[PDB]
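See below for the structure under consideration.
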Amino acid sequence: XXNXX
Amino acid sequence: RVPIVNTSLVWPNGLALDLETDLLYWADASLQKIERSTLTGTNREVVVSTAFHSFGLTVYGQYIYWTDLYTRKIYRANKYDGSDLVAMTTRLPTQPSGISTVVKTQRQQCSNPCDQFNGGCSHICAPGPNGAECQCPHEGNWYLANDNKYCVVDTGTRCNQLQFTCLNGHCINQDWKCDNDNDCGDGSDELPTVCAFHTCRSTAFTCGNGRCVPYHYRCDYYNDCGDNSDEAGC
Amino acid sequence: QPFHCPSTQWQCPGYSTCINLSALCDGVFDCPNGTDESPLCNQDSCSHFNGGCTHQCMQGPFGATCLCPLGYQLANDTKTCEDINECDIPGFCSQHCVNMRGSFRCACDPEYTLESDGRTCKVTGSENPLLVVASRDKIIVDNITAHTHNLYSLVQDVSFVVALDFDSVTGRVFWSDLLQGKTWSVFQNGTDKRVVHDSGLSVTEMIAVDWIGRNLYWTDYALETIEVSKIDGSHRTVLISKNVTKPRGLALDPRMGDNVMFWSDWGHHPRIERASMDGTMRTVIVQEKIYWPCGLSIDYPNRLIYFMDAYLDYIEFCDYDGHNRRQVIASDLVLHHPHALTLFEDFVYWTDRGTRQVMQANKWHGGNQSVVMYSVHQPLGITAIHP
Amino acid sequence: XXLXXX
Ligand SMILES: *[C@@H]1O[C@H](CO)[C@@H](O[C@@H]2O[C@H](CO)[C@@H](O[C@@H]3O[C@H](CO)[C@@H](O)[C@H](O)[C@@H]3O)[C@H](O)[C@H]2NC(C)=O)[C@H](O)[C@H]1NC(C)=O
Ligand SMILES: *[C@@H]1O[C@H](CO)[C@@H](O[C@@H]2O[C@H](CO)[C@@H](O)[C@H](O)[C@H]2NC(C)=O)[C@H](O)[C@H]1NC(C)=O
Ligand SMILES: *[C@@H]1O[C@H](CO)[C@@H](O[C@@H]2O[C@H](CO)[C@@H](O)[C@H](O)[C@H]2NC(C)=O)[C@H](O)[C@H]1NC(C)=O
Ligand SMILES: *[C@@H]1O[C@H](CO)[C@@H](O[C@@H]2O[C@H](CO)[C@@H](O)[C@H](O)[C@H]2NC(C)=O)[C@H](O)[C@H]1NC(C)=O
Ligand SMILES: *[C@@H]1O[C@H](CO)[C@@H](O[C@@H]2O[C@H](CO)[C@@H](O)[C@H](O)[C@H]2NC(C)=O)[C@H](O)[C@H]1NC(C)=O
Ligand SMILES: *[C@@H]1O[C@H](CO)[C@@H](O)[C@H](O)[C@H]1NC(C)=O
Ligand SMILES: *[C@H]1O[C@H](CO)[C@H](O)[C@H](O)[C@H]1NC(C)=O
Ligand SMILES: [Ca+2]
Ligand SMILES: [Ca+2]
Ligand SMILES: [Ca+2]
Ligand SMILES: [Ca+2]
Ligand SMILES: [Ca+2]
């Protein structure tokens with residue numbers, strides 16, 4: 001997915 | 001600035017360092033594994049073969065703790081081989097991010113060269129592998145003049161090795177430093193930072209306060225040594 | 001040479017300082033760490049009747065040291081050499097490990113041939129194995145041709161396949177359809193889809209054919225029975241019914257020496273049960289540290305029953321009596337909800353309903369983990385077609 | 001995933 005916080 | 005491990009990392013969210021054994025740990029979110037290696041990155045190994053979307057990582061004692069974004073838990077495993085894998089928390093209401101240990105015992109301590117006259121740097125210094133490394137602030141354009149000890153404005157007027165660079169950009173000749181004469185005007189060439197490591201020409205005379213004067217400035221027309229040591233002991 | 005102590009003066013480890021040679025175990029710490037007063041000092045030289053060592057001997061600066069040949073190890077007190085029991089470490093020898101005085105002997109079943117190393121053996125046949133898995137809509141068979149995996153469907157009219165097994169005598173593939181409530185059979189070439197059980201099935205979990213006695217065993221979750229029938233499905237009877245709550249797993253050992261059956265039940269008080277086929281000699285073999293047991297398979301050369309767990313998330317094996325229980329994959333996040341199990345040579349294959357993948361790994365230690373294929377739906381059944 | 005295949 002997204003490697004965000 | 002050099003790369004340590006750079007072959008197959010994708011999404012290295014976590015990084016940890018174990019001072020007890022000097023091994024480096026990191027975690028990958030896409031590869032979903034936690035790897036260890038030496039500080040040089042030679043003895044690379046895999047500690048945990050499946051760690052999901054790990055974000056934070058921290059090693060204390062015999063275990064490595066990491067938070068997982070996918071399954072909102074905190075896990076642990078043995079730092080050497082990844083055994084004893086258990087979940088510290090239930091599924092948290094939100095995704096945990098970041099992790100650290102609170103340790104009361106003082107960690108490894110070493111003598112900071114910056115603790116002595118700011119290490120000779122002008123504004124900001126940090127202890128390097130061999131000695132204190134000077135640095136310049138984030139605002140303004142600067143360059144490491146004067147043996148990388150002085151941060152001076154980067155106007156492009158680079159000046160000769162036969163000269164001493166001031167904080168004002170003026171380059172008096174290098175013999176004028178630390179003679180208790182404010183040749184800089186603002187006293188930059190006379191600050192205690194440089195005089196603690198400077199030294200007096202062999203063809204000059206050394207003052208008690210660290211200043212340097214030619215011999216014809218002793219017991220002479222006027223006092224210019226700063227502690228009356230030129231006029232004393234003729 | 002660069003600055004160090006290149007002369008005979010005894011240099012302490014890591015330091016730029018060297019000391020006199022008389023310092024060794026003389027009573028006063030001379031090196032910064034006291035290496036002269038070494039923990040291995042005050043041991044008699046090898047002139048003291050070989051220093052008591054049972055093999056070759058050393059009498060270096062640090063007291064004395066006993067050494068042993070290959071296949072041997074030191075005792076705790078370094079008094080004598082001791083043999084390594086190479087068969088006591090699982091997976092060291094693929095089949096039938098035998099321990100010698102300082103070495104090991106190995107052999108494999110008549111279907112296997114030993115390799116250059118005397119530990120590993122491979123199948124003697126010239127035919128590669130086939131891996132058959134049960135996706136919801138289709139049956140997927142993997143041509144295992146030197147890791148050149150090639151997916152293709154086996155049968156087309158499948159709607160919901162759960163169980164899978166094969167008959168080597170006739171070369172057919174058996175499966176049960178959950179939506180149709182039928183058991184089918186086909187040739188490995190996808191031809192001759194004939195029915196065997198057309199009614200009397202509600203939720204058939206796994207199917208295990210008896211290739212020696214020409215029988216067919218299966219477990220039905222809704223009926224809570226273990227049933228047996230002829231290989232063509234003619235004569236059906238209920239085999240096990242007393243305390244059978246939620247039977248899932250099923251494995252068979254039709255070899256006349258064993259003639260034994262195993263099944264798994266995940267009701268209250270879950271357990272793995274062992275009984276002789278015809279259900280006379282019934283006993284429980286595994287009931288400790290078990291919760292949602294799922295899937296069974298038998299290592300025929302070693303007579304080990306491999307079993308899996310969906311709640312505790314492990315893969316284990318044990319003897320036919322339940323003893324020598326061991327873990328191959330435990331405390332590992334790779335397992336989420338494994339369902340079915342399959343063995344071949346030294347590899348173990350299982351289907352995971354959580355990750356929707358069928359995976360592989362060393363059937364002894366659980367390493368060398370890899371992915372076999374990704375399935376759109378949950379892969380339920382799995383079996384390996386090979387003589 | 002619930003264990004009941006049905
Ligand atoms: C798919 O495989 C099946 C099973 O092999 C094939 O069906 C039949 O298989 C037999 C195997 O022996 C073939 O050989 C025949 O055996 C009889 C035994 O008495 C023998 O008398 C015959 O002379 C012959 O050797 C048999 O030919 C074959 N049946 C057919 C229709 O040819 C089936 O053919 C295979 N289908 C495909 C897609 O090739
Ligand atoms: C990954 O890291 C290695 C160093 O560990 C890099 O290898 C160096 O590459 C430079 C050129 O970029 C050479 O001048 C060095 O001699 C190389 N060092 C060695 C030991 O080979 C490698 O280029 C890096 N690769 C990437 C993709 O950054
Ligand atoms: C699938 O596996 C089968 C069985 O091993 C392979 O069939 C043989 O393959 C070899 C090598 O190509 C041929 O020389 C033989 O003639 C084949 N025999 C038969 C009965 O067909 C087949 O090639 C494999 N197919 C794929 C896609 O790998
Ligand atoms: C089926 O279940 C019952 C209940 O667990 C079994 O009865 C128990 O059997 C043990 C001996 O193995 C006794 O020690 C218990 O006292 C019994 N409990 C009760 C409540 O009766 C019974 O043996 C099982 N029967 C079969 C055919 O396996
Ligand atoms: C995965 O398979 C590889 C071989 O494909 C294994 O590699 C061996 O690892 C052991 C232990 O480090 C070494 O002693 C051998 O020299 C290795 N052999 C080869 C051919 O690489 C490896 O053991 C397997 N997985 C594990 C348990 O690490
Ligand atoms: C050897 O010593 C260790 C540590 O005391 C002990 O744990 C181990 O059981 C001993 N092994 C044998 C074979 O005596
Ligand atoms: C003083 O002497 C020290 C040691 O030799 C350094 O050379 C230093 O650079 C000297 N000072 C000057 C004039 O640069
Ligand atoms: Ca001056
Ligand atoms: Ca003067
Ligand atoms: Ca000593
Ligand atoms: Ca031995
Ligand atoms: Ca689970």
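Naming scheme: A, B, ... for chains in displayed order of the structure tokens; residues 1 onward per chain; ligands 1 onward as shown.
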Compute the chain C side of the contact with chain D at 12 Å, counting only C-alpha atoms, and hand it back as a ChimeraX atom specification.
/C:136,160-163,177-179,181,202-206,220-222,246-248,266-267,291-295,309-311,336-339,352-356,378-381
Could you pull out the residues sitting within 6 Å of ligand 11, using only C-alpha atoms and all ligand atoms, and write them as a ChimeraX atom specification?
/C:71,83-86,99-104
Let me see the file: selected residues, C-alpha atoms, as a tab-separated table (two decimals), in the first residue's frame.
chain	number	residue	atom	x	y	z
C	71	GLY	CA	32.45	-36.60	14.22
C	83	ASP	CA	30.57	-39.04	19.85
C	84	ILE	CA	28.08	-36.88	18.00
C	85	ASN	CA	24.73	-38.63	17.69
C	86	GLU	CA	24.14	-37.37	14.15
C	99	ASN	CA	24.72	-43.94	14.55
C	100	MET	CA	28.25	-45.35	14.60
C	101	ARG	CA	31.18	-44.94	16.99
C	102	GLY	CA	32.42	-41.77	15.29
C	103	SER	CA	30.26	-41.52	12.19
C	104	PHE	CA	26.83	-42.37	10.78
Show me which residues sit within 10 Å of ligand 1 when counting only C-alpha atoms and all ligand atoms, and put them as a list in words.
residues 170, 171, 172, 186, 187, 188, 189, 190, 191 and 192 of chain C
Do you know which residues are within 7 Å of ligand 2 using only C-alpha atoms and all ligand atoms? Can you write them as a CSV table (one decimal) with C-alpha atoms, in the first residue's frame?
chain,number,residue,atom,x,y,z
B,3,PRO,CA,26.1,3.8,1.9
B,4,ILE,CA,26.4,0.8,4.2
B,5,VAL,CA,23.8,-1.7,2.8
B,6,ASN,CA,22.4,-0.9,-0.6
B,7,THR,CA,21.6,-4.1,-2.6
As a PyMOL selection string, please: every protein or nucleic acid residue near ligand 9 (cut-off 12 Å, counting only C-alpha atoms and all ligand atoms).
chain B and resi 179-181+205+207+211-234
Can those selected residues be exported to a file as a compact mmCIF listing (two decimals), in the first residue's frame so that it contains N, CA, C and O atoms?
# COMPACT_ATOMS: atom_id res chain seq x y z
N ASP B 179 47.64 37.80 18.68
CA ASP B 179 48.64 38.73 19.20
C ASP B 179 48.01 39.83 20.04
O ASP B 179 48.59 40.92 20.14
N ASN B 180 46.82 39.59 20.59
CA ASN B 180 46.03 40.50 21.42
C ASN B 180 45.86 41.87 20.76
O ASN B 180 45.51 42.85 21.42
N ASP B 181 46.11 41.93 19.45
CA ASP B 181 45.77 43.11 18.66
C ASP B 181 44.56 42.77 17.80
O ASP B 181 44.62 41.85 16.98
N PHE B 205 57.90 35.66 20.23
CA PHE B 205 57.89 35.43 21.67
C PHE B 205 56.49 35.05 22.12
O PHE B 205 55.50 35.66 21.69
N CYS B 207 53.47 34.72 24.73
CA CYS B 207 52.90 35.34 25.91
C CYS B 207 52.34 34.28 26.86
O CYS B 207 52.06 33.14 26.47
N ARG B 211 49.16 34.59 23.72
CA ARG B 211 49.40 35.48 22.59
C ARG B 211 50.85 35.37 22.12
O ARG B 211 51.70 34.76 22.77
N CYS B 212 51.12 35.96 20.96
CA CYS B 212 52.43 35.88 20.33
C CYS B 212 52.85 37.26 19.83
O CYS B 212 52.07 37.94 19.16
N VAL B 213 54.08 37.65 20.14
CA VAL B 213 54.61 38.94 19.71
C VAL B 213 56.04 38.77 19.22
O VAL B 213 56.78 37.93 19.75
N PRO B 214 56.47 39.54 18.21
CA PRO B 214 57.89 39.56 17.86
C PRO B 214 58.73 40.13 19.00
O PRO B 214 58.24 40.87 19.85
N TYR B 215 60.01 39.76 19.00
CA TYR B 215 60.89 40.10 20.12
C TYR B 215 60.99 41.60 20.35
O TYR B 215 61.14 42.05 21.49
N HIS B 216 60.91 42.40 19.28
CA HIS B 216 60.99 43.85 19.46
C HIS B 216 59.72 44.44 20.06
O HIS B 216 59.63 45.66 20.18
N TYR B 217 58.75 43.60 20.43
CA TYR B 217 57.57 44.04 21.17
C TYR B 217 57.67 43.70 22.66
O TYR B 217 56.66 43.75 23.36
N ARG B 218 58.86 43.34 23.14
CA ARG B 218 59.09 43.10 24.56
C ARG B 218 59.85 44.28 25.15
O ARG B 218 60.80 44.78 24.53
N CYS B 219 59.40 44.76 26.31
CA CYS B 219 60.05 45.86 27.02
C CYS B 219 60.26 47.05 26.09
O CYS B 219 61.32 47.69 26.09
N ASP B 220 59.24 47.36 25.30
CA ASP B 220 59.36 48.21 24.12
C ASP B 220 58.50 49.46 24.25
O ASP B 220 57.99 49.77 25.33
N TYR B 221 58.37 50.19 23.13
CA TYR B 221 57.60 51.43 23.05
C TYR B 221 56.29 51.38 23.83
O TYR B 221 55.98 52.30 24.60
N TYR B 222 55.51 50.31 23.67
CA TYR B 222 54.26 50.19 24.40
C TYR B 222 53.96 48.72 24.64
O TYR B 222 54.48 47.84 23.96
N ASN B 223 53.10 48.47 25.63
CA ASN B 223 52.73 47.11 25.98
C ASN B 223 51.75 46.55 24.95
O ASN B 223 50.71 47.15 24.67
N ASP B 224 52.09 45.38 24.39
CA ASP B 224 51.20 44.75 23.43
C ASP B 224 51.12 43.23 23.59
O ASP B 224 50.77 42.55 22.62
N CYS B 225 51.45 42.68 24.76
CA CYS B 225 51.36 41.24 24.99
C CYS B 225 50.08 40.84 25.71
O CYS B 225 49.68 39.68 25.62
N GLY B 226 49.42 41.78 26.40
CA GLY B 226 48.14 41.52 27.02
C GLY B 226 48.18 41.12 28.48
O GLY B 226 47.16 41.24 29.16
N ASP B 227 49.33 40.66 28.99
CA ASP B 227 49.48 40.33 30.40
C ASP B 227 50.79 40.88 30.97
O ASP B 227 51.27 40.38 31.99
N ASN B 228 51.36 41.89 30.31
CA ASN B 228 52.57 42.58 30.77
C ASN B 228 53.77 41.64 30.84
O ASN B 228 54.77 41.96 31.50
N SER B 229 53.69 40.49 30.18
CA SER B 229 54.82 39.57 30.12
C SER B 229 55.88 40.00 29.11
O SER B 229 57.01 39.50 29.18
N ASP B 230 55.54 40.89 28.17
CA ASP B 230 56.56 41.42 27.27
C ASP B 230 57.48 42.39 28.00
O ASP B 230 58.70 42.33 27.84
N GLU B 231 56.91 43.30 28.80
CA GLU B 231 57.69 44.24 29.59
C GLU B 231 58.36 43.60 30.79
O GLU B 231 59.36 44.13 31.28
N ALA B 232 57.83 42.48 31.28
CA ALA B 232 58.46 41.76 32.37
C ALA B 232 59.42 40.70 31.84
O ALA B 232 59.21 40.12 30.77
N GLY B 233 60.48 40.45 32.59
CA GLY B 233 61.47 39.47 32.18
C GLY B 233 62.19 39.83 30.90
O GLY B 233 62.30 38.99 30.00
N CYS B 234 62.66 41.07 30.79
CA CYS B 234 63.38 41.53 29.60
C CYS B 234 64.56 40.63 29.26
O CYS B 234 64.71 40.19 28.13
What does the distance between atom CA of residue B:95 and atom CA of residue B:55 come to in Å, to one decimal place?
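Interatomic distance here is 9.8 Å.
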Any idea what the distance is between atom CA of residue C:341 and atom CA of residue C:369?
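Here the two named atoms are 14.6 Å from each other.
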10 Å contact set for residue A:3, only C-alpha atoms, chain neighbours under 3 positions out, as a VMD selection string
chain B and resid 11 to 13 29 to 30 53 to 55 69
At a cut-off of 8 Å and counting only C-alpha atoms and all ligand atoms, what residues surround ligand 3? Please answer as a ChimeraX atom specification.
/C:126-130,143-145,148-150
Residues at most 10 Å from ligand 5, using only C-alpha atoms and all ligand atoms? Could they come as a list in words?
residues 45 and 46 of chain B; 361, 362, 364, 365, 366, 367, 368, 369 and 370 of chain C
Contacts with ligand 7 at most 9 Å, only C-alpha atoms and all ligand atoms counted, listed as number ranges by chain:
B: 174-177, 197-202
Can you work out which residues are within 9 Å of ligand 10, considering only C-alpha atoms and all ligand atoms, and then hand them over as a PyMOL selection string?
chain C and resi 22-31+34-38
Output file for the residues above (C-alpha atoms, as a short mmCIF file (atom, residue, chain, number, x, y, z; two decimals), in the first residue's frame):
data_model
loop_
_atom_site.label_atom_id
_atom_site.label_comp_id
_atom_site.auth_asym_id
_atom_site.auth_seq_id
_atom_site.Cartn_x
_atom_site.Cartn_y
_atom_site.Cartn_z
CA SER C 22 57.64 -15.61 32.29
CA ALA C 23 54.33 -13.88 33.04
CA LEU C 24 52.18 -16.85 31.96
CA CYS C 25 50.15 -18.05 34.99
CA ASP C 26 52.93 -16.92 37.35
CA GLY C 27 50.48 -15.57 39.95
CA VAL C 28 50.30 -11.84 39.11
CA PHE C 29 48.14 -10.26 36.40
CA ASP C 30 50.60 -8.70 33.94
CA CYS C 31 48.54 -7.99 30.81
CA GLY C 34 45.47 -10.58 32.94
CA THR C 35 45.79 -12.88 29.93
CA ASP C 36 48.99 -14.24 31.47
CA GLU C 37 46.80 -15.42 34.36
CA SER C 38 44.51 -16.95 31.72
#
